[PDB]
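Because the Cβ atoms are built from the backbone with ideal geometry, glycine has one as well, and the counts that use them run over all protein chains shown. Coordinate-derived values only; no laboratory data.
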Amino acid sequence: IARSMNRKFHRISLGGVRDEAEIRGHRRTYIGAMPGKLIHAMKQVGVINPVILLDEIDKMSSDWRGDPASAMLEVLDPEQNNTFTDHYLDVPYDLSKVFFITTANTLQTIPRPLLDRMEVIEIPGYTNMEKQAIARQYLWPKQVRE
Amino acid sequence: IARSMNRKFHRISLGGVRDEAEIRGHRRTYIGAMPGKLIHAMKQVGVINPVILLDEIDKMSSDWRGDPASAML
Amino acid sequence: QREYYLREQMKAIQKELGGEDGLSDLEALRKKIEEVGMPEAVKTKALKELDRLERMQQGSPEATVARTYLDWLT
Amino acid sequence: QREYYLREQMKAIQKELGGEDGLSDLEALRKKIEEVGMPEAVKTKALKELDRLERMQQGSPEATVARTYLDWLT
Amino acid sequence: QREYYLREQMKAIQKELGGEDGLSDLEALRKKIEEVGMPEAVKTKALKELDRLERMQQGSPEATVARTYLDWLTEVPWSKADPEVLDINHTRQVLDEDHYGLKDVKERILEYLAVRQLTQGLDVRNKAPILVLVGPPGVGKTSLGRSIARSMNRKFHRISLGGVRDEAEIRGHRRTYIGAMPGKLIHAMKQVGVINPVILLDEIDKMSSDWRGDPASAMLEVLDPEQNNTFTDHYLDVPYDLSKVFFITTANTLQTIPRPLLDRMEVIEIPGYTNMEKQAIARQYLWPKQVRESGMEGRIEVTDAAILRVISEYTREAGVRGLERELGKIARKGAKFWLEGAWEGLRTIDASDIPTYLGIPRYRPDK
Amino acid sequence: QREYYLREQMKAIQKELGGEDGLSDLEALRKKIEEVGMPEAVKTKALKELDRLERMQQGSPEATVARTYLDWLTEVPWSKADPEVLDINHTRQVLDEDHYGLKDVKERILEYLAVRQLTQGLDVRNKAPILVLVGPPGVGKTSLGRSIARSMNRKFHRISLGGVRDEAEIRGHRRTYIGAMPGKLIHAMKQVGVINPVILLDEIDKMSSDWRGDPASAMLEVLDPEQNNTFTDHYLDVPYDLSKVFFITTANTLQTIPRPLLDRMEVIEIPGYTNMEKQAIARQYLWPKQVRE
Ligand SMILES: Nc1ncnc2c1ncn2[C@@H]1O[C@H](COP(=O)(O)OP(=O)(O)OP(O)(O)=S)[C@@H](O)[C@H]1O
Ligand SMILES: Nc1ncnc2c1ncn2[C@@H]1O[C@H](COP(=O)(O)OP(=O)(O)OP(O)(O)=S)[C@@H](O)[C@H]1O
């Protein structure tokens, strides 16, 4: 979808933070300046259009303090994201040219309000004929020429 | 109702809560604590008089950890 | 002699350039306290924690907890 | 003109206190303000990261955290 | 005021000294920071520090940490390695005189040497996976670390984890503090002289977490070969490259290893040893060491039925330490019997003369 | 004569430093470094640490931290022998005084001392045992440690690990902190003067294992039958040698000890006592003491 729409592609997904405060940034009051994870993906691109894939959103990063809901609800809703603010950003940031991709395996651990925006794309599996065709076309030249 | 009264609207979706620490806070003596859902809603509304919808207060996961129904009292 | 003099020449430059503002985050927090609200006991609690942040330094890990406490209060 | 002249004598301290100096500084991210972006509010915060930064040119325990935040912001 | 004057006297003497002895060491580091190895950005950060303030006797807190950072930056190895191995049959000549058995690990080493030799394209010299050894306690893991490092004839250093719960032993602290403390990796790289060593990371099962998180995020930052090419520190301010370093990690189970580390892993299950394998290692490695330390060399000898008695009736483990101590007890009992009156030649221990030396057989034999 | 003038000016420097403190006990530190034999990497590391510490005085606090580093490093013993007195009838009669019965452990000490006569100069490894004593609470185990350490004319030290969930008691905090301090074990080696002591780790089956507060996995670098020639604490940045140490640990139940620690240690079980044993223990150990007191 990135190369068809002439866009970039970045991964960065759930499982790398301790709370949604680490989904956001951290203020300069600390010594260890932990940036917002999002902005760090935006730093490595010189384009504010492309997609951002959310691999394994059901594999959360929760704790007894903080569920991964509020920092996700303020970036997935198409309303409050137009003026976005991190603790390591503290300025009006704009999310209207991006088109996010979310990847999951099970909808059951996803909370109820964040299902307001999700659109269900499911996977049928693969036939052994389909896997034989995949392994001829697409896996054998990579793993052999590597 | 929010439009007819001309006030702010907000939605808290309960049913997923499991302890009293997601309705109240925890304590300041635990690293990184925060207050509960009602304080989140008051943070995200702007006035003293919004309306707050409470979806599925009848399905709150009161369990071996605690009972947030008493926290709701 | 030149060291002590010329760094004062540096601060000369700065005291003309910056001037007069009183612009930081601390008295901004105090102003944000004194604008909205407040009930009386809540106000005195916030002023105690504000002074507890004021006369000392910036960097201790309990000051981060008190900072998050005041930021959740405002 | 007053800008030119105050920065004249500031970088006269630079070539004067010439190790190395100045951090040759804050004449220079002045060009990536309008180049990299920017809206007005980022300009309000980061132009209040020029001269009260210029207050000294040593260390710092402040210049590293403000360095990371500002060079993140630019 | 008197102290300020006499400190003037002292530092006057010093600047004649920094003429007299105080040339040709910082000058010699300015040579050696511009000698072979250093990248261009590292040369720029080396040119950053050239404005000195010259008060190195009466203090100074801003004079000694810059010298410390300069020494740490100039002592880590920059672009130097002992050459590649040419014969992979000789790799089998070396790996087989340390361990009986362990086919799979030797095969993976030979495969990695064959792939590194035969590739002249790309996509595998950059991406070579990290071995994760998993096995029950008692099988050989650390001795494999030494045997692999001597097999390829590379240098070696071993980092033990498990007592580490702080992040600043993998990363370090900021260089503006009092104690200049880079992480364990900068120590492990200045120990070896080459830029391509073998590093054994002991016990990634046991990195406990605490406040300010766990150092498992730093482990993600070091055990993924797509960002450690630009691996920077909190102490160092240059991008170092931990790409070619052949990491080997040991473990006892995979659950307590974090899931951000089970993406750039490659598990190898060591199932345990069997009775013939234990008997072969028992002879050819455990017995002459357990007799050479005990001083009873050429005065006592164990048979091969007797090792089978010791294995089947005096140890139940998936490893070889219980067998090691059970042989050591025989060596000590013989060393005690020698002082009560010597014999001639060497007494030989058949499988029936064990319980004189080892008491009651604990585990019944399977009949 | 000009270097005489020059380092004489430095004599005057330390005359104003503390009357001392610039080449007085700094050079006493050079003596005690080139006293008792350190390994050469550790020795040159201590020499460059002394070289970075030498030419400053009285500030900064980094001078104080490095002074305490060279006070720890040059006082923990390096090559401080304990003379193995090799009589096996004297030591048998000394072990027979403090305890009755206990045939297994006394036979073990006689075996592990009869071996140490027949050391054929070099070519041996000289590795000390690592015992674990397992028994019910009343049976004398902690009493036996000082008895064994006195019979062999060695030294003795205790470490109680009774309820520690505190990691970095075993290892230390790294020296960049404020109140930095080594572990329990390097301090236990510091108080003893020799490198052949008898360390009694008291309650090793009562510790903690949790996602925060797991000290039992930090006992891997210590109770190590091969690789404890490379022990790495966090305060000292050098490998310290713990092979010569006659460790004795006690426990109560094997069911609560971690699996990478049972195989590091050598189990010796103590099977309570019987009525004849208790009666003899009573008559010649318990009743005279309770009559005296
Ligand atoms: N097949 C073998 N050949 C030779 N020596 C062996 C063999 N298997 C084990 N050993 C020896 O047995 C001892 C076990 O070494 P380690 O690998 O440290 O044991 P370990 O199981 O790794 O301990 P942990 O707790 O899992 S780190 C060493 O002395 C090895 O040399
Ligand atoms: N066989 C014995 N002969 C003489 N005194 C003994 C004997 N067995 C035990 N004692 C004495 O009984 C007491 C037992 O003390 P401890 O050694 O502390 O017992 P302990 O079992 O080590 O305690 P715990 O619960 O195991 S830590 C001491 O006063 C010993 O001297």
How about the stretch E:258-326: which helices (runs of 4 or more DSSP H) wholly inside it have at least 1 residues that are within 12 Å of ligand 1 (Cβ to nearest atom)? E:275-281, E:287-292
Filtering the stretch A:101-137 for residues that are touching a residue at least 12 places away in the same chain (Cβ under 8 Å) and basic (K, R) leaves a count of 1
With (1) of a type outside the set (D, E, K, R); (2) within 16 Å of ligand 2 (Cβ to nearest atom); (3) assigned to a helix (DSSP H, G or I) as the list, and F:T68 as the residue in question, which single condition is left unmet? (2)
Cβ pairs under 8 Å, 6+ apart, first in the stretch F:197-217 and over 21 Å from F:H187 (Cβ atoms), second in a strand (DSSP E or B): F:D205/F:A251
Looking for something in contact with a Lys or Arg (Cβ under 6 Å, 6 or more places away or on another chain) and farther than 26 Å from A:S62 by Cβ - is there at least one such residue anywhere in the stretch A:39-46? yes
What do you reckon, is F:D96 over 17 Å from E:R325 (Cα atoms), out of contact with any strand residue (DSSP E or B) (no Cβ under 8 Å at 6 or more places or on another chain), within 16 Å of ligand 2 (Cβ to nearest atom) and not aliphatic (A, V, I, L, M)? yes
Every residue from the stretch F:186-243 that is charged (D, E, K, R) and more than 16 Å from ligand 2 (Cβ to nearest atom): F:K190, F:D210, F:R212, F:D214, F:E221, F:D224, F:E226, F:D233, F:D237, F:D241
Among all residue pairs at least 6 apart or on different chains, which show Cβ distances below 9 Å where the first residue, located in the stretch E:81-99, is within 14 Å of another protein chain (Cβ to nearest Cβ) and the second is away from ligand 2 (no atom under 16 Å from the Cβ) and not aliphatic (A, V, I, L, M)? E:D98/E:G140; E:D98/E:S143; E:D98/E:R146; E:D98/E:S147; E:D98/E:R150; E:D98/E:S151; E:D98/E:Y285
Based on what the data block shows, is E:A28 assigned to a helix (DSSP H, G or I) and either away from chain D (no Cβ under 14 Å) or touching an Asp or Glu at 6+ places or on another chain (Cβ under 7 Å) (or both)? yes
Restricting the stretch E:151-198 to residues that are more than 13 Å from chain F (Cβ to nearest Cβ) and touching a helix residue (DSSP H, G or I) at 6+ places or on another chain (Cβ under 6 Å), the residue that is farthest from E:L110 (Cα to Cα): E:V198
Considering only residues that are within 14 Å of ligand 2 (Cβ to nearest atom) and part of a loop (DSSP other than H, G, I, E, B), which ones fall in the stretch F:244-254? F:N252, F:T253
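For F:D51, are the conditions met, namely being without any contact (Cβ under 8 Å) to a residue 12 or more places away in the chain, in a helix (DSSP H, G or I) and more than 14 Å from every other protein chain (Cβ to nearest Cβ)?
Criteria not met by F:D51.
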Of all residues in the stretch D:34-74, how many are over 23 Å from C:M10 (Cα atoms) and either small (G, A, S) or in contact (Cβ under 8 Å) with a residue 40 or more places away in the chain (or both)? 3
Sole residue being surrounded by 15 or more Cβ atoms within 10 Å (Cβ to Cβ) and within 13 Å of A:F100 (Cα to Cα), chosen from A:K37, A:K8: A:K8
Taking the stretch F:247-256 as the region of interest, how many residues are surrounded by fewer than 20 Cβ atoms within 10 Å (Cβ to Cβ) and either closer than 29 Å to F:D82 by Cβ or within 14 Å of chain E (Cβ to nearest Cβ) (or both)? 1
Residue ranges of helices (runs of 4 or more DSSP H) in chain D with at least 1 members surrounded by fewer than 16 Cβ atoms within 10 Å (Cβ to Cβ) and away from chain E (no Cβ under 14 Å): D:2-16, D:32-35, D:40-47, D:51-54
Please count how many residues of the stretch E:226-236 are in contact with a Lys or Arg (Cβ under 9 Å, 6 or more places away or on another chain) and within 14 Å of chain A (Cβ to nearest Cβ). 4
Taking F:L86, is it surrounded by fewer than 18 Cβ atoms within 10 Å (Cβ to Cβ) and farther than 30 Å from F:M219 by Cα? yes
